[PDB]
Amino acid sequence: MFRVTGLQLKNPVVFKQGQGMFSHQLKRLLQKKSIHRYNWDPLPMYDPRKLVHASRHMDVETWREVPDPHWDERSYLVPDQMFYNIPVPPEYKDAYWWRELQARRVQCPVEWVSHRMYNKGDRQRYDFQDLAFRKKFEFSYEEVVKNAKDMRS
Amino acid sequence: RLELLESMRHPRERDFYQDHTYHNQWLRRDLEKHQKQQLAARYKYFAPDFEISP
Amino acid sequence: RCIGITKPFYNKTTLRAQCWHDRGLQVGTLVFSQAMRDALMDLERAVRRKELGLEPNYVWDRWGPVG
Amino acid sequence: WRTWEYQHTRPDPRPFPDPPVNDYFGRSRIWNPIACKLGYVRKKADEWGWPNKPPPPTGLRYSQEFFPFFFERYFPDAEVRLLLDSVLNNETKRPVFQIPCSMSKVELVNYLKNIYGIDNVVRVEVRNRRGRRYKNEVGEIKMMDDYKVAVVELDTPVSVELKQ
Amino acid sequence: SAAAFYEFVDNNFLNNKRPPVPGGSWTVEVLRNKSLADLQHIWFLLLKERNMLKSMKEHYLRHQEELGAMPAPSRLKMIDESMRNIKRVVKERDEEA
Amino acid sequence: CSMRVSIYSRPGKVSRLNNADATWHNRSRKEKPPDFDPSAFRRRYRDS
Amino acid sequence: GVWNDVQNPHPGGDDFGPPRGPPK
Amino acid sequence: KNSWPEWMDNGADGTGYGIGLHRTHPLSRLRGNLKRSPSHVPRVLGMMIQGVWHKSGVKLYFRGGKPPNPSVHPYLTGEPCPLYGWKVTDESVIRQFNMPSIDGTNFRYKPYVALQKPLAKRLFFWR
RNA sequence: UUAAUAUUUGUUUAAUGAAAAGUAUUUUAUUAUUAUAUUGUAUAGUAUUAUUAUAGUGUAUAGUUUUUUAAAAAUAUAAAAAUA
């Protein structure tokens, strides 16, 4: 899709569609693939790093917030790339439910690792939770041999 | 024998690409089968792990 | 204005008239545009006319705010 | 349609597309703007030994002390080649040099002033030039690295005599 | 002045004499014992040597029919190896730092 | 490719790349006016 | 149209190089 | 709106001086119109294949014949001012080569290490 | 096989009822000069010019889209009439 889009764009922009070496080289250079990085959809309606100072009392003397250990403990952690983890009161964690799914999902198109679910071995050895294709635990051959030999069977 | 070969031909015969070629000759393209086989038969030590060990 | 400058400030920290260019053949010499050189042509012409004694016709003496 | 007759293998697309490797080595060779993942991987690996060593912090990465910039500043690498024909057995006032493309007139004049001591430099005439291309005996097209031609002008004509 | 161009060009080729191949190149064992300022000094020395060698190589490529292959070509390889060893030592020191 | 055919070096002839007797015919017969210099026009106008 | 129809002094943008007009 | 300066877009000078692709140093604060984005590749490829056509009637970038290489441009050093020919705003970009001081061992060293005549035209020299 | 064929036949010539350019390629070379970053170079060919970015103190020895020769027939030329 992206390759065809770039090809059409270059053909409309700078390709004369002649036998020139310019177009002859473009027809082969446009097949190259660009960088792919899963960009999580930003939330301008609700800034998660803004709610750090929310739901907190303040000392009237110094006019600054009170470091409540109960709030620090019960704080829910929302993930984001530039702001790795952010604490937020649990009352407002509902609006950030989609960021949770986008973070739990593997930051890669599903059809690139779809070769996992298409076989029984990987279907049994891998995890499929919120589209997170992370490999489960697997004992080594030495480990399973030692376990069986200790179990005497 | 190039001078002799050119002298034996008739002056009316003409060839139009003496100083320039039609297709660009700077695109890397493959050789012919017989000469590739000649290369593979002459240079065998280019293959990986050709040297005897030890 | 009578020299021929249009922008008073070349930079926000210095005037445009006090710009003398270094790193060149003429050091400390004030920079002049083609408009500045042509206005100086007009001034020198008027001065030479006045020295000759004929009517000094400074072309920019009849220049008002509306032109 | 009889879909049960086939097995589950994706057929090749028709017409098949060409590899993204540019095969033209002529005068109009184009630099591909598309960035590949392998390029970033190799850059990071040569920078800080990815993924064995931990990454340096952002401060050191973006600072002047980062290893590539530090090495480029304390051990500069610039290939300056003098043309023998331009100054050999002839009193010439415009000697020419070959430099990398990443240099400029000021870069070259500072180079000649600090390293070789050639301070009297009037003007440097810059002109890029595609690398030399040639074929070997088997017909493989091998192109030499690109080089920028510079024509430096001096106040006094210079010459290096060749004792015949 | 003129000595700069005389050192840009070769000397044995200038006197029409066969240039001899030097002994060896800088080893990492030696460059570890060498100091940082000493390392950059010998780096600039090798840079000037490589510039002269590349000028001679380009001259021979320009005249490959008038003059045969460049005499003593392993000098460029020795210089490149010395530069690579310098870079290796500097990279190790920077990694420790 | 006439330059590479004739002027270039070959196993039968020496390089004619820098040879006046072989390059002098490349110059035009009818002289032409010089091209406009934008850098010269800038250094001459000196916008204010 | 068959009839004939019968200009940017500072293309540097909004503010570039020399300041334009009085401030504020 | 774009990130690169509007003079880079359309040169502030009358003759379109300072237009085209200008690569910037990573540590430099100035930005350039050289971007490898999948959305910025069409214009940056047109700048190399066709070029920019000015109102005055002259083609500024890639006048013709040989296409430039935008990746090997020396890093940007400043911005064009109408008064002078060029205004330098970043001096750290311009590399300044410097020679080390001489020393008792420095003037005694040589390029090659010492390991423990008439020129004859030869077709091949091994070492 | 068609084929001892069909169509072609070109090295300054009978030089032309004529002559001021732009644009995109191919090919590149130590140009000079004004003498402050980068960037693309010159001639020579090739393809194109409606749909205004080519017209003036006055126009390149310009001849490849211009082509050889000691016959009749066929064919073309009615600008090949001194016919009808």
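Just so you know, the sequences run in chain order Ba, AY, BB, AX, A2, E7, EB and Ae.
Residues 1 to 153 in the entry's author numbering are what the first sequence lists, from first letter to last.
Residues 55 to 108 in the entry's author numbering are what the second sequence lists, from first letter to last.
Residues 137 to 203 in the entry's author numbering are what the third sequence lists, from first letter to last.
Residues 65 to 228 in the entry's author numbering are what the fourth sequence lists, from first letter to last.
Residues 9 to 105 in the entry's author numbering are what the fifth sequence lists, from first letter to last.
Residues 50 to 97 in the entry's author numbering are what the sixth sequence lists, from first letter to last.
Residues 719 to 724, 737 to 754 in the entry's author numbering are what the seventh sequence lists, from first letter to last.
Residues 47 to 162, 187 to 197 in the entry's author numbering are what the eighth sequence lists, from first letter to last.
For each residue, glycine too, the CB sits at the ideal point set by N, CA and C.
Interface partners of residue i on chain BB, CB under 7 Å
i: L76 (chain Ae); result: Going along chain BB, no residue has its Cβ under 7 Å from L76 (chain Ae), so there is no contact; the nearest lies around 18 Å.
Identified DSSP bridge partners for residue i
i: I65 (chain Ae); result: Per DSSP, none; premise fails for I65 (chain Ae).
i: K135 (chain Ba); result: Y126 (chain Ba)
i: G32 (chain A2); result: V159 (chain Ae)
i: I86 (chain Ba); result: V78 (chain Ba)
i: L151 (chain BB); result: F145 (chain BB)
i: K79 (chain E7); result: In the DSSP output, where bridge partners are listed per residue, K79 (chain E7) has none listed.
i: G92 (chain Ae); result: BP columns for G92 (chain Ae) are empty, so no partner.
i: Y88 (chain AX); result: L81 (chain AY)
i: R59 (chain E7); result: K62 (chain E7)
Terminal residues of the alpha helix (DSSP H) in which residue i lies
i: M208 (chain AX); result: Where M208 (chain AX) is concerned, there is no enclosing alpha helix (DSSP H), given that its DSSP letter is neither H nor E.
i: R181 (chain BB); result: 170 to 188
i: residue 112 (chain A2); result: An answer regarding residue 112 (chain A2) cannot be provided, because it is not within the stretch 9 to 105 covered by chain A2.
i: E204 (chain AX); result: Element bounds for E204 (chain AX): n/a, residue is neither H nor E.
i: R28 (chain Ba); result: 21 to 29
i: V151 (chain AX); result: 148 to 151
i: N24 (chain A2); result: Element bounds for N24 (chain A2): n/a, residue is neither H nor E.
i: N152 (chain Ae); result: Looking at the DSSP string, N152 (chain Ae) is not in any alpha helix (DSSP H), and its letter there is neither H nor E.
i: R191 (chain AX); result: Where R191 (chain AX) is concerned, there is no enclosing alpha helix (DSSP H), although the beta strand (DSSP E) it sits in stretches over 187 to 193.
i: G103 (chain AX); result: 101 to 112
i: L56 (chain AY); result: 56 to 62
i: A148 (chain Ba); result: 141 to 150
i: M54 (chain Ae); result: 52 to 55
i: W68 (chain AX); result: Premise fails: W68 (chain AX) is in no alpha helix (DSSP H) and is neither H nor E.
i: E73 (chain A2); result: That residue, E73 (chain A2), is in no alpha helix (DSSP H); it is neither H nor E in DSSP.
Residue i CB to nearest heavy atom of the ligand SAM below 7 Å
i: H74 (chain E7); result: This structure simply doesn't include the ligand SAM, nor any ligand for that matter.
Chain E7 contact residues for residue i, given Cβ-Cβ distances below 8 Å
i: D73 (chain AY); result: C50, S51, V54, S55
Cross-chain neighbours of residue i in chain AY, by beta carbon under 9 Å
i: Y198 (chain AX); result: Here the premise fails: no neighbours, minimum Cβ distance about 10 Å.
i: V202 (chain AX); result: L85, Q89, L93
Where the beta strand (DSSP E) through residue i begins and ends
i: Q162 (chain AX); result: 160 to 163
i: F145 (chain BB); result: 145 to 147
i: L54 (chain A2); result: Note, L54 (chain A2): premise wrong, no beta strand (DSSP E); alpha helix (DSSP H) at 44 to 70.
i: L77 (chain Ba); result: 76 to 79
i: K199 (chain AX); result: 197 to 199
Proximal residues of chain AX, C-beta to C-beta of residue i below 8 Å
i: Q142 (chain Ae); result: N174, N178
i: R82 (chain AY); result: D87, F89, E204, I205
Contacts that residue i makes with chain Ba (C-beta to C-beta distance below 8 Å)
i: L129 (chain Ae); result: Those within 8 Å of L129 (chain Ae) in chain Ba number zero; the least Cβ separation is about 36 Å.
Interface residues of chain Ba facing residue i [CB-CB closer than 9 Å]
i: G92 (chain Ae); result: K10, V13, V14
Under 8 Å by beta carbon: chain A2 residues contacting residue i
i: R197 (chain Ae); result: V29, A80, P81, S82
i: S64 (chain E7); result: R70, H71, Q72, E73, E74
Within chain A2, partners of residue i - CB distance below 7 Å
i: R145 (chain AX); result: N59, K62, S63, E66
Chain Ae residues whose Cβ lies nearer than 9 Å to that of residue i
i: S34 (chain Ba); result: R82, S83, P84, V87
Amino acids of chain AX, ordered along the chain, whose beta-carbon sits closer than 7 Å to that of residue i
i: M45 (chain Ba); result: In chain order: nothing, as chain AX lies at least about 29 Å away.
Residue i: contacting residues in chain AX (beta-carbon distance under 9 Å)
i: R104 (chain Ba); result: Per Cβ cutoff of 9 Å: no residues; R104 (chain Ba) is ~23 Å from chain AX at best.
Amino acids of chain Ae, ordered along the chain, whose beta-carbon sits closer than 8 Å to that of residue i
i: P741 (chain EB); result: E52, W53, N56, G57, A58
i: residue 154 (chain Ba); result: Not covered by the structure: residue 154 (chain Ba). The range shown for chain Ba is 1 to 153.
Residues of the region 86 to 97 of chain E7 whose Cβ lies closer than 9 Å to any Cβ of chain BB, in chain order | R93, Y94, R95, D96, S97
(message) Does the structure place the region 59 to 77 of chain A2 close enough to the region 148 to 165 of chain AX that three or more beta carbon pairs sit under 8 Å?
(response) yes
Please identify, using Cβ separations under 8 Å, the residues of the region 48 to 59 of chain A2 that lie next to chain AX, in order along the chain.
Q48, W51, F52, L55, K56, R58, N59
Q) Do the region 94 to 102 of chain AY and the region 63 to 82 of chain AY make contact, defined as three or more Cβ pairs closer than 8 Å? A) Three or more Cβ pairs closer than 8 Å define a contact, and the region 94 to 102 of chain AY falls short of that threshold against the region 63 to 82 of chain AY.
- [ ] Give the residues from the region 162 to 174 of chain BB that approach chain EB closer than 8 Å (Cβ to any Cβ), ordered along the chain.
- [x] none
For the region 168 to 185 of chain AX and the region 209 to 226 of chain AX, state whether three or more C-beta atom pairs, one from each stretch, are separated by less than 8 Å.
yes
Pull out every residue of the region 85 to 111 of chain AX whose Cβ sits closer than 8 Å to any Cβ of chain AY, in chain order. So the close ones are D87, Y88, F89, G90.
Positions along the region 51 to 77 of chain Ae whose CB lies within less than 9 Å of some CB in chain EB | Taking 9 Å as the Cβ-Cβ cut-off against chain EB, the residues of the region 51 to 77 of chain Ae that qualify are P51, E52, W53, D55, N56, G57, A58, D59, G60, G62.
Quiz item: Looking at C-beta atoms only, is the number of pairs between the region 45 to 57 of chain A2 and the region 131 to 148 of chain Ae that lie closer than 8 Å three or more?
Solution: yes
Next item on the list: Indicate whether the contact test is met: 3 or more Cβ pairs, each with one atom in the region 78 to 88 of chain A2 and one in the region 58 to 65 of chain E7, closer than 8 Å.
Entry: These segments do not touch.
(Q) Closer than 9 Å between beta carbons: that is the criterion. Which residues of the region 147 to 163 of chain BB meet it against chain EB? (A) Answer in chain order: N147, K148, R152.
Q) Is the region 102 to 110 of chain Ae touching the region 73 to 86 of chain Ae, taking contact as three or more C-beta pairs under 8 Å? A) no
- request: Mind the definition here: the region 98 to 106 of chain Ae touches the region 61 to 74 of chain Ae only if three or more C-beta pairs lie below 8 Å; say whether that holds.
  value: yes
Any 3 or more C-beta pairs closer than 8 Å across the region 48 to 64 of chain Ba and the region 88 to 96 of chain Ba: A contact exists between the region 48 to 64 of chain Ba and the region 88 to 96 of chain Ba.
Count the CB pairs spanning the region 88 to 97 of chain AX and the region 11 to 27 of chain Ba that are closer than 8 Å, and state whether there are at least three. yes
- Query: Of the residues that make up the region 125 to 156 of chain AX, which ones have a beta carbon closer than 8 Å to any beta carbon in chain Ba?
  - Reply: none
Identify each residue in the region 112 to 129 of chain Ae for which the Cβ-Cβ distance to at least one residue of chain AX is less than 9 Å, and report them in chain order.
-> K112, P113, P114, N115, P116, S117, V118, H119, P120, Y121, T123
For the region 73 to 84 of chain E7 against the region 164 to 176 of chain AX, do three or more pairs of beta-carbon atoms, one drawn from each stretch, fall closer than 8 Å, so that the two count as touching?
No, the region 73 to 84 of chain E7 is not in contact with the region 164 to 176 of chain AX.
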